[PDB]
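Chemist: Take a look at this one; I'll ask things after.
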Amino acid sequence: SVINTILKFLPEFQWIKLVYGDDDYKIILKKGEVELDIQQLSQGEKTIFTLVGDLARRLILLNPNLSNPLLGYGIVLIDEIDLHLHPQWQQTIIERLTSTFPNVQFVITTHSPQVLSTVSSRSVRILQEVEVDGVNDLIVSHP
Amino acid sequence: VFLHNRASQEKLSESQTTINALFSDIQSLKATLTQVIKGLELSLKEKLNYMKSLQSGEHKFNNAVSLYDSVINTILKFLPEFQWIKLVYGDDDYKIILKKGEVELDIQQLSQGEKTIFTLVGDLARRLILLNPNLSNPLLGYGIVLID
Amino acid sequence: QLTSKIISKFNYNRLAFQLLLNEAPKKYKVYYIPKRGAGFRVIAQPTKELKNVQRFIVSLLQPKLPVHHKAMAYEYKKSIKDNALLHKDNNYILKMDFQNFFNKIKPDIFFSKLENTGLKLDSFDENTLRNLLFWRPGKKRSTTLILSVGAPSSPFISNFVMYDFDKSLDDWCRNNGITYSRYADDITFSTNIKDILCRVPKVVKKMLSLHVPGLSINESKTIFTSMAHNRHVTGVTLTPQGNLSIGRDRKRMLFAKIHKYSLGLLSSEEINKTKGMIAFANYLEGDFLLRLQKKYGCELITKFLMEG
Amino acid sequence: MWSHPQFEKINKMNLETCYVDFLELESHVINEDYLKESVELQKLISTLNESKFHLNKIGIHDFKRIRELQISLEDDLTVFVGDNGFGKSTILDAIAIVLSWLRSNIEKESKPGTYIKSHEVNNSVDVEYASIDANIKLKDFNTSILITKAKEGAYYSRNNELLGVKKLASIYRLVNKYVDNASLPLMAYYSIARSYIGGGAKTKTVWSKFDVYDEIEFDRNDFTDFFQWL
Amino acid sequence: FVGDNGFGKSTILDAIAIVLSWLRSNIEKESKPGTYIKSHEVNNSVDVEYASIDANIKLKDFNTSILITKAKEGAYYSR
RNA sequence: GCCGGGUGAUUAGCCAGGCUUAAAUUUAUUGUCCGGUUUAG
Ligand SMILES: Nc1ncnc2c1ncn2[C@@H]1O[C@H](COP(=O)(O)OP(=O)(O)OP(=O)(O)O)[C@@H](O)[C@H]1O
């Protein structure tokens, strides 16, 4: 379950294996017809690998009795979801995150209009600066 | 800090025999030593270097005050929201003060976005000033820069 | 002159009175009381000898200190019903509270306010007042005095202290069509104009600093409500039509109790417990007994009323 | 967090009333076998399991750039959009500050959490203190919490209200006592420093659910532990 | 102390070393913290909640006692 | 439209079965042995 969950966010990869090297263990991926080491991955794939692996570890540790631990409740805060990701991946990260963990409340701050193309009006808050009564202040407006 | 100190000394003047004053400070340090040893000797050599620097007194057109103004205006060009940047001395230390709107902020209170631009531009200008001390306009040297 | 009147009234000699003056700020007892739900509360109450001498001082000082008419707590011929009648015909309601209201009253503020009223008192009277109406918690080296609740002289003092704040807020709210009232450490505003109650939290905050230093606003107990949700003021529910009520749940609470009583299934103390609730409800509504007699008959109700 | 004599009030199915009922029952019976089979424990378990954890609303006063503001958050997803300098991160740090006290009281009661830094107070002349408040709703149970700090140089005091968090955390510890593998809520924070968390000792042999409760943020050694766990 | 067993007699000496540390700390400075009982030294059995150490010091006719205790993580009561 | 609020009447009655009515995203009921208010002996 953990391996397939990680592979869900990286469709270009085929399988992940934990080869036991004589000196020490190591993890081997496979992209295309090549075998890659984790140290040789790009920055973008590293960020997704760490984020999803950490979430899966926390959920599994905190929910031992559940048949499928991914359903556990909680709250997760993420800042700047659009780091080191090209626009192609920016349009599908949100729905995959919500579908994989359906019972977790998410608070996300964004910076680019690519993500805003796939978010319902109900869950959008826009910060604005308005000077009222001679004093500058911040307001939040629904779309 | 050193650039500001040199600019303040040049603009305020009143140094009189600055080289002689530094030499007298070196002599006083030597007398105190006669009356940790390696550090004291290094400080005496630093005092002699200061005396030599004051004796030189290039006072070129690209003086310290002009370089200070050029550096500050260079950074301010990339941050139109701010108004001015000053180096405030207090509690026996120096701190950077920036004015935005009507609120003065320290260096650590800026957001990540202005932190990145301030760091990159300042590092760009520092090397240009240090590498080209002969040109009238130091922001004209040659080089190659790789940015990711 | 106040020391002479107290001495003559209680027949105290010079030595005993002197000893009592020094020992007075420590004759208090601290105890816990249960909370409705889970938790506990802390109360401090003076001894019997100090209580009946504090009441005399309050009686002496009451006809000389003005109190604003918007304060509806610890006042003669005023209660909850009079408080709720002000906001019974408004659409939007906002409620705010204080933070540790009673323990922020100190002799420095009390004497500062007393000097402004123009009443001149001697040094001996000031010494007598300071050492009699205040509590000293902690060790004897604390040298701090707080008012505290549970003593007969505290509720009167608080109303006198908050007179300037009450007066300043009343005429500010009148000019904008806002109804304002205060009960102990609770403040309520109500109006019909839309989008006007969002500006008062800053106004009260600015007023508190100017008129009574030390006080502060608890920001976690601010409530906005309208006609589309539940509305109540200090324990009485306001119907959308604009009539005071006790609540549907309590009405069915009492109806079943009386019905079970008609079958002889009620204990002795439950009759006494319910009779007070019936009297209070009849006071709030004014027609509860008529509705009860129209359902169960006058004979049973009269027997229940005279029971015990 | 008291035994109490179970004041009758009126009939209700609130979680708190079940908590008090169980506490009152425990003070009399001593045999743990009977306690583990009591119907009150089953009712408390069912109520706790059905409730869904989610934050409700938040307000900020005089904290960093924000002067006065109140937000209401959805129960499944909410997104904040703005440019640089609009305090997008400030809201996240405010929520992390509030959640830290709840985290602290689960490991061990009366344990302090995270305070307000002295340089985070607003820089205006007329400001005196900063406050953050929040509300947590468990279906029908409502709790609130306030955190505040006074500006340095002032001589007027302010306090924090921690009754709600202490009471809510006591329920989790009590149910954890009588249940072998009781679950716990998940709280996490992925700041901007995660870029080199993956971008950049004695062997562990024992794991536990409290290992993830040491800190609320993700940084550095957490990545190493993931490899050892895998 | 004489006897062989798996619990180790050095544990007893370690307990004494913990207690005396507190006495030394207070002498150096008032209310200075000493040495606490860390989490993993408690027993791993199911029916345990906390660990305690009790000691007594006698000076002629002057008797003092000290108790040091630590409870497991997530316990209902703290010590 | 929908959902959440107010409650006279209703029932071997604090559950439920009916009829009315209200709306910016916007209440989840409190502290006694003191204080003033209601009812009684
Ligand atoms: N003490 C203070 N007084 C006034 N303004 C302050 C203070 N501290 C911080 N600020 C303001 O905070 C702003 C930055 O806030 P913040 O970092 O939350 O915003 P952001 O750029 O949206 O966030 P991020 O880039 O970290 O996601 C600065 O523009 C600064 O003016």
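Here, A, B, ... name the chains of the structure tokens in the order displayed, residue numbers run from 1 inside each chain, and ligands are numbered from 1 in the same displayed order.
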Give me the residues near range 77-81 of chain A as a list in words, where near means some atom within 10 Å (using only C-alpha atoms (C1' of nucleotides)) and where sequence neighbours in that chain fewer than 6 positions away do not count.

Modeler: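 Final neighbour list, sorted by chain and number: residues 90, 93, 94, 105, 106, 107, 108, 109, 110, 111, 112 and 115 of chain A; 80, 88, 89, 92, 93, 95, 96, 187, 188, 189, 190, 191, 192, 193, 194 and 217 of chain D.
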
Chemist: So which residues are near ligand 1, meaning at most 9 Å away with only C-alpha atoms (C1' of nucleotides) and all ligand atoms counted, given back as a ChimeraX atom specification?

Modeler: /A:79-80,109-111 /B:100-101,103-106,108-114 /D:62-66,82-93,119-124,192

Chemist: Take CA of residue 99 in chain B and CA of residue 85 in chain B and report the distance between them in Å, one decimal.

Modeler: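 Separation of CA of residue 99 in chain B and CA of residue 85 in chain B: 6.8 Å.
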
Chemist: Measure the distance from CA of residue 65 in chain C to CA of residue 117 in chain C in Å and round it to one decimal.

Modeler: 8.1 Å

Chemist: DSSP on the backbone: what in range 37-283 of chain C comes out alpha helix (DSSP H), as number ranges by chain?

Modeler: C: 48-61, 80-84, 107-116, 123-130, 154-161, 163-174, 200-211, 248-262, 268-283

Chemist: Keeping only C-alpha atoms, write those residues as a tab-separated table (two decimals), in the first residue's frame.

Modeler:
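Contents of the output file selection.tsv:
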```tsv
chain	number	residue	atom	x	y	z
C	48	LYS	CA	-18.83	36.77	60.22
C	49	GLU	CA	-17.37	39.60	62.32
C	50	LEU	CA	-16.05	41.49	59.29
C	51	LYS	CA	-19.18	40.98	57.19
C	52	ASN	CA	-21.64	42.90	59.33
C	53	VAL	CA	-19.18	45.78	59.66
C	54	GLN	CA	-18.67	45.90	55.88
C	55	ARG	CA	-22.44	46.13	55.41
C	56	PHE	CA	-22.59	49.18	57.68
C	57	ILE	CA	-19.92	50.95	55.64
C	58	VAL	CA	-21.80	50.21	52.43
C	59	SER	CA	-24.97	51.63	53.99
C	60	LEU	CA	-23.11	54.80	54.95
C	61	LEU	CA	-21.52	55.30	51.53
C	80	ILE	CA	-32.92	40.35	34.50
C	81	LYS	CA	-36.42	41.07	33.20
C	82	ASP	CA	-35.76	44.81	33.08
C	83	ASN	CA	-32.45	44.14	31.33
C	84	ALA	CA	-34.03	42.04	28.58
C	107	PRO	CA	-7.14	51.01	45.99
C	108	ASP	CA	-5.19	53.34	43.68
C	109	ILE	CA	-8.10	53.48	41.24
C	110	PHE	CA	-10.73	53.63	43.97
C	111	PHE	CA	-9.10	56.57	45.72
C	112	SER	CA	-8.41	58.32	42.42
C	113	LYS	CA	-12.11	58.16	41.58
C	114	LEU	CA	-13.05	59.20	45.12
C	115	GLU	CA	-10.95	62.36	44.87
C	116	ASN	CA	-12.72	63.41	41.65
C	123	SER	CA	-6.02	60.66	56.34
C	124	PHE	CA	-7.39	58.49	59.15
C	125	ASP	CA	-10.57	57.80	57.20
C	126	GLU	CA	-8.56	56.85	54.12
C	127	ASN	CA	-6.46	54.47	56.19
C	128	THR	CA	-9.58	52.91	57.67
C	129	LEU	CA	-11.20	52.42	54.26
C	130	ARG	CA	-8.08	50.94	52.66
C	154	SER	CA	-17.55	44.55	46.34
C	155	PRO	CA	-20.64	44.71	44.07
C	156	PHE	CA	-21.50	48.25	45.11
C	157	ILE	CA	-17.94	49.47	44.59
C	158	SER	CA	-17.66	48.10	41.06
C	159	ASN	CA	-20.73	50.00	39.86
C	160	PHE	CA	-19.38	53.26	41.24
C	161	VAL	CA	-16.01	52.67	39.61
C	163	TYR	CA	-19.56	55.21	36.08
C	164	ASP	CA	-17.38	57.20	33.67
C	165	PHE	CA	-17.14	54.31	31.21
C	166	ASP	CA	-20.90	53.81	31.34
C	167	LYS	CA	-21.59	57.48	30.73
C	168	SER	CA	-19.13	57.80	27.86
C	169	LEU	CA	-20.45	54.75	26.01
C	170	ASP	CA	-24.13	55.61	26.51
C	171	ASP	CA	-24.11	58.90	24.62
C	172	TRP	CA	-21.87	57.50	21.90
C	173	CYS	CA	-24.25	54.62	21.24
C	174	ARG	CA	-27.32	56.88	21.35
C	200	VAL	CA	-17.86	48.89	18.20
C	201	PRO	CA	-15.07	46.46	19.29
C	202	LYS	CA	-12.48	49.11	18.43
C	203	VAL	CA	-14.51	51.87	20.07
C	204	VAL	CA	-14.85	50.09	23.40
C	205	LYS	CA	-11.17	49.16	23.29
C	206	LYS	CA	-10.19	52.81	22.91
C	207	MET	CA	-12.63	53.86	25.66
C	208	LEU	CA	-11.29	51.35	28.18
C	209	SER	CA	-7.74	52.68	28.03
C	210	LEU	CA	-8.84	56.29	28.47
C	211	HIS	CA	-11.41	55.91	31.25
C	248	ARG	CA	-39.64	24.92	24.96
C	249	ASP	CA	-37.35	22.43	26.69
C	250	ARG	CA	-38.13	23.86	30.13
C	251	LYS	CA	-41.86	23.98	29.37
C	252	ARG	CA	-41.82	20.27	28.60
C	253	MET	CA	-39.50	19.79	31.60
C	254	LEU	CA	-42.21	21.07	33.94
C	255	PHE	CA	-45.27	19.61	32.22
C	256	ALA	CA	-44.03	16.05	32.63
C	257	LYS	CA	-43.12	16.70	36.27
C	258	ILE	CA	-46.63	17.83	37.09
C	259	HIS	CA	-48.17	14.97	35.12
C	260	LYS	CA	-46.08	12.47	37.09
C	261	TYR	CA	-47.12	14.26	40.27
C	262	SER	CA	-50.78	13.68	39.44
C	268	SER	CA	-40.82	15.12	48.87
C	269	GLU	CA	-37.87	17.30	47.86
C	270	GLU	CA	-38.85	17.28	44.18
C	271	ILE	CA	-42.09	19.12	44.95
C	272	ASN	CA	-40.17	21.87	46.74
C	273	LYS	CA	-37.60	21.98	43.95
C	274	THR	CA	-40.23	22.35	41.22
C	275	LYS	CA	-42.39	24.89	43.06
C	276	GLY	CA	-39.66	27.52	42.87
C	277	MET	CA	-39.21	26.96	39.15
C	278	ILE	CA	-42.94	27.36	38.60
C	279	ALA	CA	-42.95	30.63	40.53
C	280	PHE	CA	-40.01	32.00	38.54
C	281	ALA	CA	-41.57	31.01	35.22
C	282	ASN	CA	-44.86	32.62	36.21
C	283	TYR	CA	-42.92	35.77	37.04
```

Chemist: Using only C-alpha atoms (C1' of nucleotides), determine which residues lie at most 12 Å from residue 293 in chain C, disregarding the query and same-chain residues fewer than 5 positions distant; provide the list as a ChimeraX atom specification.

Modeler: /C:255,258,287-288,298-305

Chemist: With only C-alpha atoms (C1' of nucleotides) as the basis for distance, which of F:34, F:2, F:28, F:40 is at the shortest distance from residue 144 in chain D?

Modeler: F:28

Chemist: Can you check which residues of range 111-266 of chain C DSSP gives as strand (DSSP E) on the backbone and send them as a list in words?

Modeler: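 Those residues are residues 179, 180, 181, 182, 183, 186, 187, 188, 189, 190, 191, 217, 218, 219, 220, 221, 222, 223, 224, 225, 232, 233, 236, 237, 238, 244 and 245 of chain C.
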
Chemist: Need to verify the contact set: range 120-123 of chain A, 10 Å, only C-alpha atoms (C1' of nucleotides), exclusion of same-chain residues closer than 6 positions in sequence. Can you return it as a PyMOL selection string?

Modeler: (chain A and resi 142-143) or (chain D and resi 73-80)

Chemist: Which residues come within 10 Å of residue 85 in chain A, counting only C-alpha atoms (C1' of nucleotides), excluding same-chain residues fewer than 5 positions away, as a PyMOL selection string?

Modeler: chain A and resi 43-45+47-48+90+93

Chemist: Using only C-alpha atoms (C1' of nucleotides), which protein or nucleic acid residues come within 9 Å of range 12-26 of chain A? Drop anything in the same chain fewer than 5 positions from it, and give the result as a short mmCIF file (atom, residue, chain, number, x, y, z; two decimals) with N, CA, C and O atoms, in the first residue's frame.

Modeler:
```cif
data_model
loop_
_atom_site.label_atom_id
_atom_site.label_comp_id
_atom_site.auth_asym_id
_atom_site.auth_seq_id
_atom_site.Cartn_x
_atom_site.Cartn_y
_atom_site.Cartn_z
N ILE A 3 3.99 1.49 -1.10
CA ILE A 3 4.71 1.62 -2.36
C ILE A 3 3.78 2.13 -3.45
O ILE A 3 4.14 3.03 -4.23
N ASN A 4 2.57 1.57 -3.54
CA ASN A 4 1.65 2.01 -4.59
C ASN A 4 1.20 3.44 -4.35
O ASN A 4 1.00 4.19 -5.32
N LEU A 7 3.94 5.52 -5.76
CA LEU A 7 3.93 5.42 -7.21
C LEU A 7 2.75 6.12 -7.86
O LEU A 7 2.78 6.39 -9.06
N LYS A 31 13.09 4.27 -14.24
CA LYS A 31 12.44 5.22 -15.14
C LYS A 31 12.80 4.87 -16.58
O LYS A 31 13.98 4.79 -16.93
N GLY A 32 11.78 4.60 -17.39
CA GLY A 32 12.06 4.17 -18.74
C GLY A 32 12.74 2.82 -18.69
O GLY A 32 12.25 1.87 -18.06
N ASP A 37 19.04 5.69 -8.82
CA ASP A 37 19.20 5.78 -7.38
C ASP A 37 18.50 7.04 -6.87
O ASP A 37 18.30 8.01 -7.61
N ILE A 38 18.14 7.01 -5.59
CA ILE A 38 17.38 8.12 -5.03
C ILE A 38 18.20 9.40 -4.99
O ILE A 38 17.67 10.50 -5.19
#
```

Chemist: If you measure from CA of residue 55 in chain D to CA of residue 13 in chain D, what distance in Å do you get, rounded to one decimal?

Modeler: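 Value for the CA of residue 55 in chain D-CA of residue 13 in chain D distance: 21.6 Å.
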
Chemist: Quick one: residues within 12 Å of residue 50 in chain B, only C-alpha atoms (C1' of nucleotides) counted, chain neighbours fewer than 2 positions away excluded, as a list in words?

Modeler: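 My list of contacting residues is residues 6, 18, 19, 20, 21, 22, 23, 24, 25, 26, 43, 44, 45, 46, 47, 48, 52, 53, 54, 55, 56 and 57 of chain B.
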
Chemist: Counting only C-alpha atoms, which residues from chain A have an atom at most 12 Å from any atom of chain B, and could you show them as a list in words?

Modeler: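 Contact residues on the first chain: residues 80, 84, 111, 131, 134, 135 and 136 of chain A.
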
Chemist: Taking only C-alpha atoms into account, which residues of chain C are within 9 Å of chain D, as a list in words?

Modeler: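 The selection requested is residues 34, 35, 36, 37, 38, 39, 40, 99, 213, 214, 215, 216, 218, 219, 220, 221, 249, 250 and 253 of chain C.
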